[PDB]
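Chains as they are written, first to last, in my numbering: chain C, 19 to 122; chain P, 1439 to 1877. Ideal placement from N, C-alpha and C gives every residue a C-beta, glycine not left out. To start, the structure itself, in structure tokens.
Okay, structure coming up:
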């Protein structure tokens, strides 16, 4: 027959019949390279620690999303309150000097 | 001089530390847990085994009547039967026809083979940890056994090592433990006096040679039917035998932390759990003046090729310049890199190879050649082998486990977001001041 047993960083002991126990420990031999390209790094660290690497990747995704949508929101707010308060006022004229410096 | 370390409680793995006194040359410290004993406080309740149903010779005062008495024999069952007229080889055994009374007796004993095949019921209290240590300081090795409680100064000659309290309180034994021919089981045996028929402990005694045996084996004495003299009886199965068939696997095979369960006395040997705060008061003579040890002018660390595995998968050569020959202690000033060496020979200009072990994918640690810290930088590729037959010498941290390429990418992403929002805040304040000056 054949029997598959999971070994971790802490070890595993198996006794086969009247044999002395033999202990085996697992090394961090995940597929990929920790110092290669980011996709190889992600493969390595997902095979090593899946939930931790998912947490970190979700953290970076959230960090990029909330922060691009925050800098952009502040930029749009500044654009609105630089174009409306006197430039967009009806029958009002704003020349290039104080229009093109931020607008367009 | 007093040094306070925290040795990982794994038997066999050396723990290295460097003790530096002002004005005194660094001393190499080497603490190994050769062995460990987890000995609980035991209390023997009783001894149980297979029972021997003793049926005495039937008594027939068989023209008249008999009275059931009380006896201290184990599970002493008696019954008086009305009219029997018993027969043997020889015909009628008495004269009156139906005025014949038979008394059936049945008690329980210890089987003759019980002195070998028996179980012992024990209650075990809080366990005590005792360790064998292999402190190596300077060029002197001291072996010694200490109690892990935090107050007892186990000392070989002049070391005075106090083993601090174990970080995790662990005991592989339950409150109630059963020992049978060297195999230890975690069984909830009945108390002394609460004998359940058909279960473990249905027959109890303080010892095997005791005359105060108590038993409850459900002996029912049946009314004789045949003419020949007979004691018909029925009984429950041996609780010892039933437990033997349904005992499960012992603690020797279901123990946690790789504990080796041993008897005489009951102990759990070589258990790998927790941290031990050792405190060593090294004798003064072991230290040597900073003048006596050779002085390193300059050194630099180059690392050949490293993997992070359980064994010593790393190499390291450092080119030094010393003004005098002698012996210099080597130490890695890092929690994720441990050196195989402790002392080495320096001779003017030279270079020496030091093997280490790592759990981080970076040789980003410091090495000291009897002082003169120097830094190493390299790439530790993952090992090709998946399974090894030797424990991991170093624990797995977080800042160490994450490599510098991944750190660079993570900091690039987070710092990009942070700089984006910082630019957003600065344009916020600039636009607000422009608006305030507008009106």
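In this structure, the alpha-carbon of residue 1519 of chain P lies about 11 Å from that of residue 1506 of chain P. Residues are counted here when their Cβ sits less than 7 Å from a Cβ of chain P; for the stretch 87-108 of chain C these are 88, 89, 92, 93, 96, 99, 100, 103, 104, given in chain order.
Bridge pairing for residue 1713 of chain P: P:1446 [DSSP].
Under the DSSP definition of a beta bridge, residue 1754 of chain P partners with P:1741.
By the CB criterion at 8 Å, residue 1624 of chain P and residue 1612 of chain P fall inside the cutoff. Under the Cβ distance rule, residue 85 of chain C counts among the residues neighbouring chain P, one pair being separated by less than 8 Å. For residue 20 of chain C, the secondary structure class from DSSP, reduced to helix, strand or coil, is coil. By alpha-carbon distance to residue 1712 of chain P, the top candidate from P:1515, P:1631, P:1833 is P:1833. In this structure, DSSP gives residue 109 of chain C a state outside helix and strand, which the three-state scheme calls coil. Classified as exposed, residue 69 of chain C has fewer than 16 neighbouring CB atoms from the shown chains inside 10 Å of its CB. In terms of Cβ geometry, residue 1606 of chain P and residue 1476 of chain P do not form a close pair [threshold 8 Å].
With distances taken between CA atoms, residue 1876 of chain P lies nearest to C:105 out of C:105, C:60, C:76.
Within chain P, the residues whose beta carbon sits less than 9 Å from that of residue 46 of chain C are 1746, 1747, 1797, 1799, 1820, 1821, 1834, 1839, listed in sequence order. Residues of chain P with a Cβ closer than 8 Å to the Cβ of residue 38 of chain C do not exist, since the nearest Cβ in that chain sits about 12 Å away.
Assignment of beta strand (DSSP E) within the stretch 1769-1803 of chain P, counting only whole runs of 3 or more residues, yields 1775-1777, 1781-1784, 1787-1791, 1794-1796 in chain order. Inter-residue distance for residue 1686 of chain P and residue 1513 of chain P is about 29 Å (C-alpha atoms, whole angstroms).
Taken in chain order, the unbroken stretches of beta strand (DSSP E) that lie wholly in the stretch 1597-1674 of chain P and span 3 residues or more are 1599-1601, 1614-1618, 1621-1623.
Residues 97, 100, 101, 105 of the same chain have their beta carbon placed closer than 8 Å to that of residue 121 of chain C, with the five preceding and five following residues left out of the count.
In this structure, the alpha-carbon of residue 61 of chain C lies about 28 Å from that of residue 1857 of chain P.
Residue range 1465-1469 is occupied by the beta strand (DSSP E) that includes residue 1466 of chain P. Classified as buried, residue 1548 of chain P has 16 or more neighbouring CB atoms from the shown chains inside 10 Å of its CB. Counting only Cβ-Cβ distances below 7 Å, residue 1829 of chain P has contacts in chain C at 29, 43, in chain order. Cβ proximity to chain C below 7 Å picks out nothing from the stretch 1495-1521 of chain P. Looking at the backbone, the Cα of residue 1790 of chain P and that of residue 1609 of chain P are separated by about 45 Å. The beta-carbon of residue 1742 of chain P is placed no less than 8 Å from the nearest beta-carbon of chain C. Taken in chain order, the members of the stretch 1677-1703 of chain P whose beta-carbon sits within less than 7 Å of a beta-carbon on chain C are 1696. Under the three-state reduction of DSSP, residue 1473 of chain P is assigned to strand. For residue 1843 of chain P, the enclosing alpha helix (DSSP H) has its first and last residue at 1842-1876.
Under the DSSP definition of a beta bridge, residue 1542 of chain P partners with P:1517. Not a single C-beta of chain P is nearer than 8 Å to the C-beta of residue 112 of chain C. Here the alpha carbon of residue 1742 of chain P sits roughly 13 Å from the alpha carbon of residue 1795 of chain P.
Put simply, the CB of residue 78 of chain C is near chain P, with a gap under 8 Å to one of its CB atoms. Annotated three-state conformation of residue 87 of chain C is helix, per DSSP.
Residue 68 of chain C sits in a helix when the DSSP states are folded into three classes. Residues of the stretch 57-73 of chain C that bring their beta carbon within less than 8 Å of a beta carbon in chain P comprise 59, 62, 63, in sequence order. Residue 1498 of chain P is not a Cβ neighbour of residue 1534 of chain P, given a cutoff of 8 Å.
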